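**Student:** Residue numbers (the deposited numbering), protein chains in the order written: chain F, 91 to 261; chain C, 82 to 261; chain L, 85 to 261; chain I, 91 to 261; chain C', 82 to 261; chain C'', 82 to 261. A prime marks a further copy of an entry chain.
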Amino acid sequence: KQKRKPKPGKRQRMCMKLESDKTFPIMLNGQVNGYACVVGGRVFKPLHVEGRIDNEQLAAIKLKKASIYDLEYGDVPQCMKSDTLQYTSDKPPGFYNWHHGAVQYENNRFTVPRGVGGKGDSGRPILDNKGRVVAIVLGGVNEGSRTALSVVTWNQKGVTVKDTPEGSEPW
Amino acid sequence: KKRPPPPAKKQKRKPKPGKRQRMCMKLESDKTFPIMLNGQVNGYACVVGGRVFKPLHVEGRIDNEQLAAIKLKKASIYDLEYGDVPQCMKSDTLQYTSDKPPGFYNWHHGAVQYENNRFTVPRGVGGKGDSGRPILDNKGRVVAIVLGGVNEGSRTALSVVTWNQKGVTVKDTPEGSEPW
Amino acid sequence: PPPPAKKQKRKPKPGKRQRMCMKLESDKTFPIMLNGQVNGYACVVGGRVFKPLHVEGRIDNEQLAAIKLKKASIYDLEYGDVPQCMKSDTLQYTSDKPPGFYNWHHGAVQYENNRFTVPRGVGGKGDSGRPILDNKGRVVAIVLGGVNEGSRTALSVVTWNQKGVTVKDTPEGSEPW
Amino acid sequence: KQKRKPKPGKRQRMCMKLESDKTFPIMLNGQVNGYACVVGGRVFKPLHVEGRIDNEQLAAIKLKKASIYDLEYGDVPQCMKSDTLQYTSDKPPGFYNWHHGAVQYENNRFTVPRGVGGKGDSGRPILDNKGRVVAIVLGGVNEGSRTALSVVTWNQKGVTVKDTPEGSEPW
Amino acid sequence: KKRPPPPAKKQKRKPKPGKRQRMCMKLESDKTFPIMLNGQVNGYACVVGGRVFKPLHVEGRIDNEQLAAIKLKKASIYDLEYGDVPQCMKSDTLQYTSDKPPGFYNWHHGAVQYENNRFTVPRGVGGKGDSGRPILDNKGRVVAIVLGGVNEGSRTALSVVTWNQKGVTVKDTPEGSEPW
Amino acid sequence: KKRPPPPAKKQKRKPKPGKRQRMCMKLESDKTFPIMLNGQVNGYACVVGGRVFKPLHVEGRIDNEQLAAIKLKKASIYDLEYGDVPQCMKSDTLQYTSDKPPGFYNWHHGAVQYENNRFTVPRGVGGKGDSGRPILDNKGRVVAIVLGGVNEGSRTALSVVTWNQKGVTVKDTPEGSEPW
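#1: According to DSSP, what are the bridge partners of L/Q176?
#2: Below 7 Å between beta carbons is the criterion; list the residues of the stretch 101-135 of chain I that meet it against any residue of chain L, in chain order.
#3: Output the distance between the C-alpha atoms of residue 319 of chain F and F/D218, rounded to the nearest integer angstrom.
#4: Using a 10 Å radius around the Cβ and a threshold of 16 neighbouring Cβ atoms, would you call C''/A126 buried or exposed?
#5: Report the residues of the stretch 168-179 of chain L with a CB closer than 7 Å to any CB of chain I, ordered along the chain.
#6: Please tell me whether F/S235 has its Cβ less than 7 Å away from any Cβ of chain C.
#7: I want to verify the contact list: residues of chain L whose CB lies under 7 Å from the CB of F/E146, in sequence order.
#8: Identify every residue that forms a DSSP beta bridge with L/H189.
#9: Apply the 10 Å Cβ neighbour rule to C'/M106 and answer buried if 16 or more other Cβ atoms are within range, or exposed otherwise.
#10: Expressed to the nearest angstrom, what Euclidean distance is found between the alpha-carbon atoms of I/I116 and I/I226?
#11: Smallest Cα separation from residue 267 of chain C: which of F/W244, F/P167, F/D165 and F/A238?
#12: For C'/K93, would you say it is in contact with chain C'', using Cβ-to-Cβ distances shorter than 7 Å as the test?
#13: Would you mind giving the Cβ-Cβ distance between F/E162 and F/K155, rounded to the nearest angstrom? I have them listed as a contact below 8 Å.
#14: Look at F/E259 and F/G213 and say whether their C-beta atoms are less than 7 Å apart.
#15: Report the rounded CA-to-CA distance for I/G124 versus I/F134, giving the unit in angstroms.
#16: Given this structure, state the Cα-to-Cα distance separating C/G221 from C/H190, to the nearest angstrom.
#17: What three-state label does DSSP hand I/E146 in the structure shown?
#18: State yes or no: is the C-beta of residue 330 of chain F within less than 7 Å of the C-beta of F/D111?
#19: Is the CB of C/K152 under 7 Å away from at least one CB in chain C'?
#20: Starting from C''/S110, trace the alpha helix (DSSP H) both ways and give me its first and last residue.
#21: With DSSP run on the structure shown, which of helix, strand or coil describes I/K154?
#22: May I have the straight-line CA-CA distance separating C/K93 from C''/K82, to the nearest angstrom?
#23: Measure the CB-CB distance between C/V231 and C/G257 and report whether it falls below 7 Å.
#24: In the DSSP assignment, find the alpha helix (DSSP H) that holds I/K171 and state where it starts and stops.
#25: Between which residues of its own chain and C''/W244 is the CB-CB distance below 7 Å, once the five residues before and five after are set aside?
#26: Tell me which residues of the stretch 223-254 of chain C have at least one Cβ-Cβ distance to chain C' shorter than 9 Å, keeping chain order.
#27: Tell me the residue span of the beta strand (DSSP E) that contains C/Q121.
#28: To which residues of the same chain is F/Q147 closer than 8 Å at the C-beta, ignoring the five residues directly before and after it?
#29: Which whole-angstrom value is the C-beta distance of L/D160 and L/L137, which I expect to be below 8 Å?
#30: For I/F200 versus I/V241, is the C-beta distance shorter than 7 Å?
#31: Can you tell me the Cα-Cα spacing of I/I216 and I/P183, whole angstroms?
#32: Strictly by DSSP, which residues pair up with C'/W261?
#33: In chain C'', what lies closer than 7 Å to C'/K90 by C-beta?
#34: At the 7 Å Cβ level, is C/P96 part of the contact set with chain C'', yes or no?
#35: Can you confirm whether C''/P203, when its beta carbon is compared against all beta carbons of chain C', has any partner nearer than 7 Å?
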């Protein structure tokens, strides 16, 4: 409850920025297990968890099997489609947004510190500080000092392609 | 047994000649570790951006149970060893680039610069006991690892293992480099 | 409460007419959402509950979502009742219609031309099934639909006649809400 | 420091432990028909009461009809298991706790006054001044000025009952 | 390098909230010793009133040459090991009783109490890495040694190995206890 | 963490009874090293003027990788071992003479003098655990190394291994010397 007069800025540019974004978890236990986030025209529900979406018009969608991606893609109604997560395709090396931390981009691998994301949280999008998603996390993986996220991103030709560091965790 | 909050016994006096700790402060902060043959230091070993570059020429054990009890095969075409690095020394250790500009890179025993193609340090660097040193930026970014190279008049020219402009791992070596 | 949280309360206290939305505090209809989007509401009246046939979902109240209704085709609704907590139906009965202004959820309608009437586009898609309320809290008319009337906008309602017998009051070319 | 009390009687006035050890209601279409919780790591839900537990993790427990006990027993998971309270083998003759008032042990019978209880929430356990579960209450008839209830007292040996005095109606 | 007779760098300030060091001061003063598998602590081991209770489930070496180079057979019916304790860790180490009242016993990661039959600590105790902990009195007297036991809502219920009221070495164990 | 140039925590007070540190200051400054059998000190070992005199009676390892991993044969006619000393412990370690005058020589557990032929220290010296001690001058010059010898009333007479007046390595030994 400390109220001094420092520099604000959400520390660090995720605290409202992820929270305003429409990523909706519902577990069978009524909690998070893996995040369905609306991305452009489609929502990316995790394939390898069990649960639904915190929206009646999004959880009632039938979603197609992206075993290519370890997620599921499906329709997003227009009542969500404007306020979907606008994306970006590029990924320069830099600090990006994570609601538990931050990735620093390195060697096509997005790296939160150890124990920050990966397990029980993934599908949380990775946001630009300019405010764009690069990638959707699948789970894992502990890289010791840090933790590289197994992500699903666009490439240089803008192709939605799953990345998997070896031995990654299932969500 | 008293209670100050004391800063800095050694090297934070108010008179500073300079702040050229880029060859000392980052290099000790690197995850480099000696290959001590019966305690005798015959070359340092370090994890570089992924795989570890253990000196294949140098025998002895390393200050890491994740590295010393760890069998590595032979890059005898370069006199190197690879990794096989466990995850606990992954995600930030000795990032780099493949190229080098004609600029100031470093290690433990001083800094390196050369005009065209190669690497040279001033005379008195030592190639024995130390070699196996990554060649970091003022940013802290490797370009090579020391193979030695003889003292040459004013400056010790270096042999290294390094990378191509195409990123291909190569070795730069003058005639009659120094052992490790 | 450090910025205004209504505890500084207010200078203009009730020195004039009370409100027109105190009877919308008695709005015991429910936001019938077919997949998160309100198509209509479920109107209790006399305990006998209904909702328009144009509307699917249905109901955030688990009670009213558990009662199978009966289709009234030429009233464009499906009717049933509310079991075992029935005086939640504050939405009681009007039939008497003096040509005045009766409370509706986006402002009071105008009654004239045997018709309840809001201004231009005051309705919205979702305003089907809304009750139209007396200043006694009594509910006269249940919005099936409506149609724009240039300066104002009609309301196709389920209301009653002078005998109090139900009527699908419908303007020509009315559309759902 | 949050009490704000001028001079209260120093007694556990049926909310410090009793509302803290709240026994979860059994609602059926809004109308609460009983209470139900877990004591001793085994679920109790009254057999004379239909409806739904507050907890999803308890309402998903398939229960076994103890027909000579008017309870539908099963097993809690870990999720509450430590909070499933307490008992020591005694029935001291005197006033006990109650989620509306007080009940008196008298002649192997629980004497609560009239009006208090006997309504339609019939699963509250009588609690001790030690907070120990005394008796899950299932029925009871107004014995005029006072009221005896259908309870589980377990016994002097800790062995369960359906302790129903005569004429007692399941509330 | 000066000459005071100084007391207590760390924890003898004049403000004291309490004196509940019975779970910390005696327990470190106990002759308990970690089983560190390659340095990684996977369970402590301790001499209790005679024989040592080495975790049979846990591999690694112990901080005692009188205990680590010392072969112990299998109480796999309880997942324990016995002693075989040399005399240098005999005559006072971890006295005990067989029973337990419904009262406050302890270890490293907090205190334990339970109403009837068993042992429960609050949630967050850890069963991994620590288990092999003796359960001492405020007097300092064991009643059990931790087998684990899952977090259960508010409190972590425990599995232990313990003793009968007849003194018979038994195990108390909930369904699905935690490993070590 | 402060900055004095401080002298001498322990033993440089201004009151001095004497300066008889010739049995303690030189002897610790000697290159003597314990033979610790499982850590238990059963005799010191030292390089003397060349070859090392390892106690052949005493088992265990030595605080020197140049001495402990170093196989030495048996002078069982004297119960000694020889050297085989690497050059890093050569050129000044425990110079000596062969003779002894009836004078004050020393080690760790006190000083030695005897009238005619032999060596005796006062009672309470210990022969167990320590023996393998060189017998230095106030100059710092060996004449023998302790074999033990029993407490004899007032003074502990000693057995040693020593040298002849002709320099021949011999042993002086009373009847029933002490083990090591």
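C-beta atoms are modelled at their ideal positions from N, C-alpha and C, and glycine is treated no differently.
**Tutor:** The structure says:
#1: L/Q176 is bridged to L/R222.
#2: With the criterion set as a beta carbon lying under 7 Å from some beta carbon of chain L, the members of the stretch 101-135 of chain I are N119, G120 and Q121, in sequence order.
#3: Residue 319 of chain F lies beyond the residue range present for chain F, which begins at 91 and ends at 261; the question has no answer from this structure.
#4: With a 10 Å radius around the Cβ and a threshold of 16 neighbouring Cβ atoms, C''/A126 comes out buried.
#5: Flagged, chain order: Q168 and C169.
#6: Judged by the 7 Å Cβ criterion, F/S235 is in contact with chain C.
#7: The CB of F/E146 comes closer than 7 Å to the CB of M117, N119 and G120 in chain L, given here in chain order.
#8: In the DSSP assignment, the residues bridged to L/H189 are L/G191.
#9: Looking at its Cβ environment, which holds fewer than 16 other Cβ atoms inside 10 Å, C'/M106 is exposed.
#10: Their backbone Cα atoms lie some 14 Å apart in a straight line.
#11: Chain C is shown from 82 up to 261; residue 267 of chain C falls before or after that span and cannot be answered.
#12: It does not; no Cβ of chain C'' falls within 7 Å.
#13: F/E162 to F/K155, Cβ: 6 Å. Contact.
#14: Against a cut-off of 7 Å, the Cβ pair of F/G213 and F/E259 comes out as no contact.
#15: Cα-Cα distance, rounded: 11 Å.
#16: So the alpha carbons of these two residues sit roughly 15 Å apart.
#17: Correct three-state label for I/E146: helix.
#18: One cannot answer for residue 330 of chain F here, as it falls past the ends of chain F, which runs 91 to 261.
#19: Chain C' contact via Cβ: absent.
#20: Its alpha helix (DSSP H) spans residues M106 to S110.
#21: Assignment of I/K154 by DSSP, reduced to helix, strand and coil, places it in the strand class.
#22: Between the alpha carbons of C/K93 and C''/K82 lies a gap of roughly 13 Å.
#23: Going by C-beta atoms, C/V231 is nearer than 7 Å to C/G257.
#24: According to the DSSP assignment, I/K171 belongs to the alpha helix (DSSP H) that extends over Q168 to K171.
#25: Within the same chain, and ignoring the five residues on either side of C''/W244 in sequence, the residues whose Cβ sits closer than 7 Å to its Cβ are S179, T250 and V251.
#26: Residues passing the 9 Å Cβ filter: none.
#27: In the DSSP assignment, C/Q121 falls within the unbroken beta strand (DSSP E) covering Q121 to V128.
#28: Closer than 8 Å at Cβ, skipping near neighbours: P167, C169 and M170.
#29: Taking a contact as a CB-CB distance under 8 Å, the pair L/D160 and L/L137 counts as one, their CB atoms being some 5 Å apart.
#30: If you check the CB distance, I/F200 and I/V241 come in under 7 Å.
#31: Each residue's Cα considered, the two are about 14 Å apart.
#32: Assignment of beta-bridge partners to C'/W261 by DSSP yields no partner.
#33: Per Cβ cutoff of 7 Å: no residues; C'/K90 is ~13 Å from chain C'' at best.
#34: By this cut-off, C/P96 is not an interface position.
#35: Interface residue (Cβ-Cβ distance to chain C' less than 7 Å): C''/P203 is not classified as such.
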